[PDB]
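Q: This structure is in structure tokens; I'll ask about it shortly.
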Amino acid sequence: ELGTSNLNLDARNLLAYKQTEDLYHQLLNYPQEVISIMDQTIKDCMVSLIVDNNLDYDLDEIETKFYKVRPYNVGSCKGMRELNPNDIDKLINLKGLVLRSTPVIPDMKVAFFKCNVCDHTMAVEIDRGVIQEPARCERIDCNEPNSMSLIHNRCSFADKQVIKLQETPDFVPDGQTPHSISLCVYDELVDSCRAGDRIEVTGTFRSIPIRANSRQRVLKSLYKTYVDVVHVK
Amino acid sequence: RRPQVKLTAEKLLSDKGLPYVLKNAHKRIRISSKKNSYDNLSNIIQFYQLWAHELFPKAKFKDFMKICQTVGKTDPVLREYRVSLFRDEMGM
Amino acid sequence: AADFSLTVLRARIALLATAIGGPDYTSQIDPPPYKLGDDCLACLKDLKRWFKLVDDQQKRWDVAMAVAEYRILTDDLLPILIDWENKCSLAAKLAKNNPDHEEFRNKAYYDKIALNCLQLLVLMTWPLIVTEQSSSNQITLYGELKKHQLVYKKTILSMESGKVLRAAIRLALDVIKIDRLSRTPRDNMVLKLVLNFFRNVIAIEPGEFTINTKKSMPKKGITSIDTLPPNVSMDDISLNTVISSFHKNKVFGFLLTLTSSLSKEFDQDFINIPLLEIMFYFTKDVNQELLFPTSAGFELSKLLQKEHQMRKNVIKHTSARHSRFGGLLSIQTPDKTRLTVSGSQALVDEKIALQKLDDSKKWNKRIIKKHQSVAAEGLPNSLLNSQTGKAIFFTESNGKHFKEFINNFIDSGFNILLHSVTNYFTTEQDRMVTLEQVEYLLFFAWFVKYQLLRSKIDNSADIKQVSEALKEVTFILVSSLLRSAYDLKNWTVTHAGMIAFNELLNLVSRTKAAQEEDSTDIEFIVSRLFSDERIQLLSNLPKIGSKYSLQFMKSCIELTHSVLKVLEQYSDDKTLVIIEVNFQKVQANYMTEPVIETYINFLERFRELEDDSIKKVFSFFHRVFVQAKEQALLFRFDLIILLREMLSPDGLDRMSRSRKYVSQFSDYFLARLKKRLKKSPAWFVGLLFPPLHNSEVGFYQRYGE
Amino acid sequence: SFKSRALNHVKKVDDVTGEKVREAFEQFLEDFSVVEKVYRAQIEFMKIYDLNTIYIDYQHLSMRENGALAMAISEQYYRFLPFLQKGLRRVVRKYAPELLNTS
DNA sequence: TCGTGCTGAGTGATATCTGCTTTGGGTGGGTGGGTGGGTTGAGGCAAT
DNA sequence: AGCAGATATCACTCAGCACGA
Ligand SMILES: [Zn+2]
């Protein structure tokens, strides 16, 4: 009715149902795949409601939307000092104070390529941030190799933002400098919390390699940790 | 100076190949009158694509098809095999 | 030596250019009037002598480059012609006021200067053709001279709204003022010069982008293929601007007057060929369907909706979350082995998983395409090589003017022009070069098809205007041209003859539809044209089509469709005697693996074709599968893969009749394939491979019995 | 004594939708009125003073063509901008031929 | 008009060698910049 | 040590002909 897409899910409700206790455990253990499955299922039920109820609502509008799920209340909140490597790629809850938020960063989703010889265009999806540029024109008649140009302004982008979070005052055991963690928010969650605001964030604890230098594929041994936020309160 | 991998007649005639298709291709493939035509086409292509992938990973599907075409036109052993098949079936 | 001589040549031509003349700034009148120099006529004669003695006899093109560098044309000849035309117009107005009033002195000298200027214009604007024997200098200066020609055409069509066209028309009318018997050979030469000038103006167009192939193309690749000069855009040299200028300067009226009195008050030998070339260059790049379609807003909304549907179908392949979300999939093969894929769509769908598996593969099988540069044979860009769907976007007024001009020509003198051209060419067949053959065939085909379309749209204007195509002289000329082109392996003339024959068959079908009793004399023509050799030829065309360009394929397909249509209709209507015609024999003739292959190849490119091509292809397929019962031909994998592509949600729009044809054919094909597979398990293997040619088992394979 | 490959501009695939946008834009600049023509007069004004920029009121655009033209330009301005310039030049050519060339 | 080599030079392609340059720090400079980092201590200047 | 450009030596495709069928 309101035209929104994001759905807020209480993880405890999964435990409240006999069938989905395993699903709750999997979400706690394997969040990425479970979240993707949940998004697709949400879209499927949304379309099926209109299909079964033979409502007058337009279906084409629904088919062209992106749907998401924002789970919260996934257990007791840990501390920034209690995050060990065992918690990598797992769903965590963290309370803290917002300290700064970078401006909106455009994140690429779909790459748009153009042929230099026949003015033919094609869109290639991006996986793990790797553009799958064609080797040659897809046209039978025009098979010109190595003639594809990327049009930056005709591509599809997403919203990204990096936020610095500090542990709450009560979490400091003795009174030393409070520790901080970096958060990443995408799409609607962008601009969902200003500096100096106390928030609770649910997300995935992730580690990403850091390149030694800009010239080479060489990586640092030490990994950097951050949180892929899925819900903000 | 590296030998290329080719879809040779040898390959085609191995246990994983034509004999594999004959042994189990009616069970997996099924053309349904209650299903959409696109679904049946996709099912047939799915079976043959998985078999091809298993057999000869280097190539794509269409490429595989083309290669198959050329092999069948050229190879005399493959021809023999085919004829054999046909003969044995006609005798039943 | 060579460089020093080039410098001397450039300096001397620059001195000539500065000596021809220039604007007189002394006079207070603005804009200043052009003033002729002391030796204007001598300068023009010397320039022509340079052209003759250096450009041609020594096989070079340095003189033309030197002339273009110093802007001899845009600054001297065009202003001179325009000023002379304005003086003549003022004299005509004065004569209207009073016939005895005259304001001309040295009229003979002015006319001499104007004629020399027009001759030099024709010399500079003559088409440029590069052959195999062309010298290194000629080969090296091709692109620059083509760009200079583009600039010349733009200036001719723009300056003073193109009054030099009116000057040329006046020069031609000067010859027209004297009777045919009184016309000296010089006057006919002037008329031919004017017609050649118009043909050259229409013909010029951007050249090709020639690249050395010595070295395999770099990692950078091709940047862009641009041949336009710096300050020239496609809008200046397009046929739209040509139509606008011609309508403004009443060139169309002059051409209509020439072509209406053709062979009656004029010497046809001089005028027939130039008119034919002019009209071919007029209508070579024009599709006749566009001429018979705010409406722009409605079409824009429809196209936006089409793009919206395409984007909606594309959306299913995009992940809601960002790229770095990091979902990993494991897919189990029928044997217990797991393959890894990445992406949310992979987890949520299986067809997407297999498509990604396919797509991820690095190895590509080499595809070799036999490309022939049109500039090599000297031909211009035309329907033969222009990509299907390339539409000339006319304005409403320009489109109306062009349609009116073509209609008037077809109702006035197309019959006579075709008769004269056919007589002259059949009298001199062997001397034909490829260009003349292609030109004649394309002109005939275009005008016949346009008349057919207009007759369909409008019940008034009718086939009797193009009835001269039916006559046997033109028919035998076309048949001989096509057959010789086939025999000598000249594929471009083959293509042109194919198009002409397809139009002729469509025409004859319409005439038979008109009246049977009056169409007995056309049953004669049908019997003549379906001669066994011709049958064979026509059948062979498709079998070879697969090797050549797309357009070749399409013409093959269309000619096949027309041939089968006429054959079936005339077998049903009456009996046919060439040797009696056995429609089943021909049909059978048409049923072989190359034909099918050709068809498949053509259908692979379905995202660029219209619905008519798909309809014809699937009509042929219906003939194959149902009427002929030659089903073994179609039990292939190329067809199955292509049909999956057609029927997939991303392939073809749901709201389309082409999808209806495809769905019906797919249903029938799948039913018969299932029945065959249930009968013979061997066919599972068989599908993969071409048909067996074994006496023992061949029958069994083909027909299952 | 050399191997040479030729490429042609007639092989290129045209943007059908973009051309229709140009066709619609030409009508808007040539027929819109509020009763003297608004943009025909403006083009004349630039001709006398030799000005480059041409100002179009977005409110006027939404009125003509039911709003399809305005909506299309709004979402895709980078894509359709080159085609708008093609349409403007054609109208300039018809009514201000001398405006195309720089002063 | 199918099948089976023999010829073949053309059109590739991919397995295979030849030269930077880098970190950061004055053992590359200030005709690469100071919004790509370094950078705390002394010194001179104007507003106070 | 790693990376980007380049050389040169490696095969493969369409090309077409002789025999016979
Ligand atoms: Zn291309």
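Every chain in the structure tokens takes a letter, A first, then B, and so on in the order presented; its residues are numbered from 1, and the ligands are numbered from 1 following the presented order.
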Counting only C-alpha atoms (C1' of nucleotides) and all ligand atoms, what residues are within 10 Å of ligand 1, given as a PyMOL selection string?

A: (chain A and resi 114-122+136-148) or (chain D and resi 11-13)

Q: Give me the residues near residue 31 (chain B) as a list in words, where near means some atom within 8 Å (using only C-alpha atoms (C1' of nucleotides)) and where sequence neighbours in that chain fewer than 4 positions away do not count.

A: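 Returned residues: residues 35 and 40 of chain B; 670 and 674 of chain C.
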
Q: With a distance threshold of 9 Å and counting only C-alpha atoms (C1' of nucleotides), extract the residues of chain E near chain C and express them as a PDB file with N, CA, C and O atoms (P, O5', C5', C4', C3', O3' and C1' of nucleotides), in the first residue's frame.

A:
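That gives us out-v4.pdb:
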```pdb
ATOM      1  P    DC E   2      25.477 -34.218 -51.103  1.00  0.00           P
ATOM      2  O5'  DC E   2      26.027 -35.587 -50.462  1.00  0.00           O
ATOM      3  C5'  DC E   2      27.066 -35.599 -49.488  1.00  0.00           C
ATOM      4  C4'  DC E   2      27.745 -36.977 -49.385  1.00  0.00           C
ATOM      5  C3'  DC E   2      28.755 -37.021 -48.231  1.00  0.00           C
ATOM      6  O3'  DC E   2      28.814 -38.336 -47.682  1.00  0.00           O
ATOM      7  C1'  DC E   2      29.879 -37.215 -50.306  1.00  0.00           C
ATOM      8  P    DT E  11      44.717 -12.909 -44.812  1.00  0.00           P
ATOM      9  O5'  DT E  11      44.415 -13.494 -43.349  1.00  0.00           O
ATOM     10  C5'  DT E  11      43.245 -14.267 -43.091  1.00  0.00           C
ATOM     11  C4'  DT E  11      43.204 -14.832 -41.663  1.00  0.00           C
ATOM     12  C3'  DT E  11      43.422 -13.744 -40.596  1.00  0.00           C
ATOM     13  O3'  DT E  11      42.569 -13.967 -39.474  1.00  0.00           O
ATOM     14  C1'  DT E  11      44.961 -15.494 -40.340  1.00  0.00           C
ATOM     15  P    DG E  12      41.961 -12.760 -38.605  1.00  0.00           P
ATOM     16  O5'  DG E  12      43.135 -12.336 -37.586  1.00  0.00           O
ATOM     17  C5'  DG E  12      43.290 -12.913 -36.290  1.00  0.00           C
ATOM     18  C4'  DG E  12      43.692 -14.397 -36.300  1.00  0.00           C
ATOM     19  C3'  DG E  12      43.974 -14.930 -34.889  1.00  0.00           C
ATOM     20  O3'  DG E  12      42.792 -15.498 -34.334  1.00  0.00           O
ATOM     21  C1'  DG E  12      45.479 -15.812 -36.599  1.00  0.00           C
TER      22       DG E  12
END
```

Q: Env of residue 2 (chain F): 10 Å cut, atoms = only C-alpha atoms (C1' of nucleotides), seq-sep filter 2 positions within chain, self excluded. Answer as a PyMOL selection string.

A: (chain A and resi 215-218) or (chain E and resi 22)

Q: Select, as a JSON list (two decimals) with N, CA, C and O atoms, in the first residue's frame, those residues of chain C with any atom no more than 9 Å from chain D (distances computed using only C-alpha atoms).

A:
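That gives us selection.json:
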```json
[["chain", "number", "residue", "atom", "x", "y", "z"],
["C", 158, "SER", "N", 24.99, 24.67, -49.24],
["C", 158, "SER", "CA", 24.70, 25.70, -48.24],
["C", 158, "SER", "C", 24.80, 27.12, -48.78],
["C", 158, "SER", "O", 23.89, 27.92, -48.57],
["C", 161, "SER", "N", 22.03, 29.42, -50.12],
["C", 161, "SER", "CA", 20.96, 28.42, -50.21],
["C", 161, "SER", "C", 21.07, 27.60, -51.50],
["C", 161, "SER", "O", 20.07, 27.08, -52.00],
["C", 206, "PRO", "N", 30.64, 10.10, -47.16],
["C", 206, "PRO", "CA", 31.87, 9.76, -46.43],
["C", 206, "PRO", "C", 32.48, 8.46, -46.92],
["C", 206, "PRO", "O", 31.78, 7.53, -47.33],
["C", 207, "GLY", "N", 33.81, 8.41, -46.88],
["C", 207, "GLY", "CA", 34.55, 7.24, -47.31],
["C", 207, "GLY", "C", 34.68, 6.21, -46.20],
["C", 207, "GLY", "O", 34.05, 6.29, -45.14],
["C", 208, "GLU", "N", 35.52, 5.22, -46.46],
["C", 208, "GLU", "CA", 35.79, 4.15, -45.52],
["C", 208, "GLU", "C", 37.06, 4.44, -44.72],
["C", 208, "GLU", "O", 37.91, 5.23, -45.14],
["C", 209, "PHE", "N", 37.22, 3.82, -43.59],
["C", 209, "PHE", "CA", 38.32, 3.87, -42.69],
["C", 209, "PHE", "C", 39.24, 2.70, -42.97],
["C", 209, "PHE", "O", 38.98, 1.60, -42.50],
["C", 210, "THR", "N", 40.29, 2.86, -43.71],
["C", 210, "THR", "CA", 41.26, 1.92, -44.11],
["C", 210, "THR", "C", 42.38, 1.81, -43.11],
["C", 210, "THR", "O", 42.98, 2.84, -42.80],
["C", 211, "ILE", "N", 42.71, 0.67, -42.60],
["C", 211, "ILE", "CA", 43.69, 0.34, -41.63],
["C", 211, "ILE", "C", 44.64, -0.72, -42.11],
["C", 211, "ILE", "O", 44.17, -1.74, -42.64],
["C", 212, "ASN", "N", 45.91, -0.58, -41.97],
["C", 212, "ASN", "CA", 46.92, -1.53, -42.24],
["C", 212, "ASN", "C", 46.76, -2.75, -41.38],
["C", 212, "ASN", "O", 46.48, -2.61, -40.18],
["C", 213, "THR", "N", 46.92, -3.94, -41.87],
["C", 213, "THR", "CA", 46.79, -5.21, -41.26],
["C", 213, "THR", "C", 48.07, -6.00, -41.12],
["C", 213, "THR", "O", 48.03, -7.21, -40.88],
["C", 214, "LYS", "N", 49.21, -5.43, -41.30],
["C", 214, "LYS", "CA", 50.49, -6.02, -41.19],
["C", 214, "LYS", "C", 50.70, -6.64, -39.83],
["C", 214, "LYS", "O", 51.14, -7.78, -39.68],
["C", 225, "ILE", "N", 35.87, 5.25, -35.85],
["C", 225, "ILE", "CA", 35.97, 5.32, -37.30],
["C", 225, "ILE", "C", 35.28, 6.59, -37.78],
["C", 225, "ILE", "O", 34.08, 6.60, -38.05],
["C", 226, "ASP", "N", 36.05, 7.67, -37.89],
["C", 226, "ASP", "CA", 35.52, 8.97, -38.28],
["C", 226, "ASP", "C", 36.28, 9.45, -39.51],
["C", 226, "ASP", "O", 37.51, 9.56, -39.48],
["C", 227, "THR", "N", 35.54, 9.72, -40.59],
["C", 227, "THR", "CA", 36.12, 10.23, -41.82],
["C", 227, "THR", "C", 35.69, 11.67, -42.11],
["C", 227, "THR", "O", 36.17, 12.26, -43.08],
["C", 235, "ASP", "N", 24.71, 16.22, -40.81],
["C", 235, "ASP", "CA", 23.49, 16.94, -41.16],
["C", 235, "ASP", "C", 23.67, 17.78, -42.42],
["C", 235, "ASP", "O", 22.69, 18.04, -43.14],
["C", 294, "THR", "N", 1.39, 14.84, -31.01],
["C", 294, "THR", "CA", 2.12, 14.54, -32.24],
["C", 294, "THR", "C", 2.39, 13.04, -32.35],
["C", 294, "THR", "O", 2.50, 12.34, -31.34],
["C", 295, "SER", "N", 2.48, 12.55, -33.59],
["C", 295, "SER", "CA", 2.80, 11.14, -33.80],
["C", 295, "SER", "C", 4.18, 10.81, -33.27],
["C", 295, "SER", "O", 4.43, 9.69, -32.80],
["C", 296, "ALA", "N", 5.11, 11.77, -33.34],
["C", 296, "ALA", "CA", 6.44, 11.55, -32.79],
["C", 296, "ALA", "C", 6.37, 11.23, -31.31],
["C", 296, "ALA", "O", 7.08, 10.34, -30.82],
["C", 297, "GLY", "N", 5.51, 11.93, -30.57],
["C", 297, "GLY", "CA", 5.35, 11.64, -29.16],
["C", 297, "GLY", "C", 4.79, 10.25, -28.91],
["C", 297, "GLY", "O", 5.22, 9.55, -27.99],
["C", 298, "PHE", "N", 3.81, 9.83, -29.72],
["C", 298, "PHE", "CA", 3.25, 8.50, -29.57],
["C", 298, "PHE", "C", 4.31, 7.43, -29.80],
["C", 298, "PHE", "O", 4.43, 6.47, -29.03],
["C", 299, "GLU", "N", 5.09, 7.59, -30.87],
["C", 299, "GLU", "CA", 6.15, 6.62, -31.15],
["C", 299, "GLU", "C", 7.21, 6.63, -30.05],
["C", 299, "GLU", "O", 7.73, 5.58, -29.68],
["C", 300, "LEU", "N", 7.54, 7.82, -29.53],
["C", 300, "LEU", "CA", 8.51, 7.90, -28.44],
["C", 300, "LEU", "C", 8.00, 7.18, -27.20],
["C", 300, "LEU", "O", 8.76, 6.47, -26.53],
["C", 301, "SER", "N", 6.71, 7.34, -26.88],
["C", 301, "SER", "CA", 6.15, 6.64, -25.73],
["C", 301, "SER", "C", 6.18, 5.13, -25.94],
["C", 301, "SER", "O", 6.50, 4.38, -25.02],
["C", 303, "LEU", "N", 8.30, 3.42, -27.81],
["C", 303, "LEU", "CA", 9.68, 2.98, -27.69],
["C", 303, "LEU", "C", 10.14, 2.97, -26.24],
["C", 303, "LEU", "O", 10.88, 2.08, -25.81],
["C", 304, "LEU", "N", 9.72, 3.98, -25.46],
["C", 304, "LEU", "CA", 10.06, 4.00, -24.04],
["C", 304, "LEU", "C", 9.46, 2.80, -23.32],
["C", 304, "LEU", "O", 10.10, 2.20, -22.45],
["C", 307, "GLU", "N", 11.59, -0.24, -24.17],
["C", 307, "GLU", "CA", 12.80, -0.24, -23.37],
["C", 307, "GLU", "C", 12.51, -0.58, -21.91],
["C", 307, "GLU", "O", 13.32, -1.23, -21.25],
["C", 371, "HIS", "N", 34.95, -10.61, -45.51],
["C", 371, "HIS", "CA", 34.62, -9.25, -45.70],
["C", 371, "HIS", "C", 35.26, -8.68, -46.93],
["C", 371, "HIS", "O", 36.48, -8.79, -47.06],
["C", 372, "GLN", "N", 34.56, -8.07, -47.82],
["C", 372, "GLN", "CA", 34.94, -7.40, -49.01],
["C", 372, "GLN", "C", 34.64, -5.92, -48.93],
["C", 372, "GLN", "O", 33.46, -5.57, -48.84],
["C", 373, "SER", "N", 35.58, -5.04, -48.96],
["C", 373, "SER", "CA", 35.43, -3.64, -49.00],
["C", 373, "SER", "C", 34.71, -3.22, -50.25],
["C", 373, "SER", "O", 35.14, -3.60, -51.34],
["C", 374, "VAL", "N", 33.63, -2.44, -50.12],
["C", 374, "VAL", "CA", 32.91, -2.00, -51.31],
["C", 374, "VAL", "C", 33.76, -1.06, -52.14],
["C", 374, "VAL", "O", 33.69, -1.07, -53.38],
["C", 375, "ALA", "N", 34.58, -0.23, -51.49],
["C", 375, "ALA", "CA", 35.45, 0.69, -52.23],
["C", 375, "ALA", "C", 36.41, -0.04, -53.15],
["C", 375, "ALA", "O", 36.89, 0.55, -54.12],
["C", 381, "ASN", "N", 28.12, 3.12, -51.41],
["C", 381, "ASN", "CA", 27.30, 2.53, -50.36],
["C", 381, "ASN", "C", 25.85, 2.50, -50.81],
["C", 381, "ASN", "O", 25.31, 3.50, -51.28],
["C", 382, "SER", "N", 25.21, 1.34, -50.67],
["C", 382, "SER", "CA", 23.84, 1.16, -51.12],
["C", 382, "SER", "C", 23.18, 0.10, -50.25],
["C", 382, "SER", "O", 23.72, -0.32, -49.22],
["C", 385, "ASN", "N", 25.17, -3.26, -48.86],
["C", 385, "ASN", "CA", 26.01, -3.31, -47.67],
["C", 385, "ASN", "C", 25.44, -2.54, -46.49],
["C", 385, "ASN", "O", 25.86, -2.79, -45.36],
["C", 386, "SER", "N", 24.51, -1.61, -46.72],
["C", 386, "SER", "CA", 23.90, -0.89, -45.61],
["C", 386, "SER", "C", 23.21, -1.86, -44.66],
["C", 386, "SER", "O", 22.50, -2.78, -45.09],
["C", 387, "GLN", "N", 23.41, -1.66, -43.37],
["C", 387, "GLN", "CA", 22.82, -2.54, -42.37],
["C", 387, "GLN", "C", 21.30, -2.49, -42.45],
["C", 387, "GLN", "O", 20.71, -1.43, -42.65],
["C", 388, "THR", "N", 20.67, -3.65, -42.28],
["C", 388, "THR", "CA", 19.22, -3.72, -42.31],
["C", 388, "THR", "C", 18.63, -2.86, -41.20],
["C", 388, "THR", "O", 19.07, -2.93, -40.05],
["C", 389, "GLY", "N", 17.63, -2.06, -41.54],
["C", 389, "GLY", "CA", 16.99, -1.15, -40.62],
["C", 389, "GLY", "C", 17.52, 0.27, -40.67],
["C", 389, "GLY", "O", 16.87, 1.17, -40.13],
["C", 390, "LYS", "N", 18.67, 0.49, -41.29],
["C", 390, "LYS", "CA", 19.21, 1.83, -41.43],
["C", 390, "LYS", "C", 18.21, 2.70, -42.17],
["C", 390, "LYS", "O", 17.95, 2.49, -43.36],
["C", 391, "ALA", "N", 17.64, 3.69, -41.48],
["C", 391, "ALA", "CA", 16.54, 4.49, -42.00],
["C", 391, "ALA", "C", 17.00, 5.92, -42.21],
["C", 391, "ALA", "O", 17.64, 6.51, -41.33],
["C", 393, "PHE", "N", 16.13, 9.51, -42.05],
["C", 393, "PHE", "CA", 15.13, 10.24, -41.28],
["C", 393, "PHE", "C", 14.81, 11.54, -42.00],
["C", 393, "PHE", "O", 15.51, 12.54, -41.86],
["C", 395, "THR", "N", 12.42, 14.89, -42.89],
["C", 395, "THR", "CA", 11.43, 15.78, -42.31],
["C", 395, "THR", "C", 10.12, 15.64, -43.09],
["C", 395, "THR", "O", 10.08, 15.14, -44.21]]
```

Q: Given a cut-off of 12 Å, which residues of chain C touch chain F, counting only C-alpha atoms (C1' of nucleotides), written out as a list in words?

A: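 Going by the stated atoms only, the list reads residues 215, 216, 218, 219, 220, 365, 366, 367, 368, 369, 370 and 547 of chain C.
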
Q: Report, in Å to a single decimal, how far apart CA of residue 567 (chain C) and CA of residue 617 (chain C) are.

A: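 Going from CA of residue 617 (chain C) over to CA of residue 567 (chain C), I get 17.5 Å.
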
Q: Do you know which residues are at most 12 Å from region 47-60 of chain D counting only C-alpha atoms (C1' of nucleotides), after dropping those on the same chain fewer than 2 positions away, and could you put them as number ranges by chain?

A: D: 25, 28-29, 31-34, 38-45, 62-67, 69-71, 73-74, 85, 88-89, 92-93, 95-103

Q: Using DSSP secondary structure from the backbone, list all helix (DSSP H, G or I) positions within region 49-209 of chain A, as a ChimeraX atom specification.

A: /A:49-53,59-63,85-87,152-154,169-171,187-189

Q: Near residue 38 (chain C), counting only C-alpha atoms (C1' of nucleotides), which residues have an atom at most 10 Å away, once you skip same-chain residues fewer than 3 positions from it, shown as a PyMOL selection string?

A: chain C and resi 19-21+35+41-43

Q: Mind checking which residues fall within 8 Å of residue 451 (chain C), counting only C-alpha atoms (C1' of nucleotides), ignoring those fewer than 2 positions away in the same chain, and posting them as a ChimeraX atom specification?

A: /C:410,447-449,453-455,462-463,465-466

Q: Keeping N, CA and C atoms for every residue in the selection just given, could you write it to a file as an mmCIF file, in the first residue's frame?

A:
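New file part-v7.cif:
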```
data_model
loop_
_atom_site.group_PDB
_atom_site.id
_atom_site.type_symbol
_atom_site.label_atom_id
_atom_site.label_comp_id
_atom_site.auth_asym_id
_atom_site.auth_seq_id
_atom_site.Cartn_x
_atom_site.Cartn_y
_atom_site.Cartn_z
ATOM 1 N N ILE C 410 7.407 8.555 -61.872
ATOM 2 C CA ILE C 410 6.880 7.239 -62.218
ATOM 3 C C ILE C 410 5.666 7.367 -63.126
ATOM 4 N N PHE C 447 12.302 1.029 -58.185
ATOM 5 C CA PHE C 447 11.115 1.702 -58.698
ATOM 6 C C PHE C 447 9.936 0.744 -58.811
ATOM 7 N N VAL C 448 10.185 -0.504 -59.220
ATOM 8 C CA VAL C 448 9.091 -1.471 -59.293
ATOM 9 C C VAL C 448 8.483 -1.685 -57.912
ATOM 10 N N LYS C 449 9.330 -1.878 -56.896
ATOM 11 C CA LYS C 449 8.814 -2.127 -55.554
ATOM 12 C C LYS C 449 8.062 -0.915 -55.013
ATOM 13 N N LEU C 453 4.167 -0.799 -53.752
ATOM 14 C CA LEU C 453 3.725 -0.339 -52.440
ATOM 15 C C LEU C 453 2.684 0.767 -52.566
ATOM 16 N N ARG C 454 2.923 1.734 -53.455
ATOM 17 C CA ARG C 454 1.960 2.819 -53.619
ATOM 18 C C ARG C 454 0.637 2.311 -54.173
ATOM 19 N N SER C 455 0.676 1.339 -55.087
ATOM 20 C CA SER C 455 -0.559 0.748 -55.583
ATOM 21 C C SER C 455 -1.323 0.069 -54.457
ATOM 22 N N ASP C 462 -1.574 2.907 -60.476
ATOM 23 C CA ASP C 462 -1.535 1.443 -60.694
ATOM 24 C C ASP C 462 -0.403 0.853 -61.508
ATOM 25 N N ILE C 463 -0.108 -0.422 -61.338
ATOM 26 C CA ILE C 463 0.857 -1.215 -62.139
ATOM 27 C C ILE C 463 1.072 -0.788 -63.595
ATOM 28 N N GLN C 465 1.923 1.855 -64.851
ATOM 29 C CA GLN C 465 3.056 2.766 -64.954
ATOM 30 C C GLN C 465 4.384 2.022 -64.966
ATOM 31 N N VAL C 466 4.455 0.865 -64.315
ATOM 32 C CA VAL C 466 5.660 0.046 -64.291
ATOM 33 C C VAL C 466 5.473 -1.227 -65.115
#
```
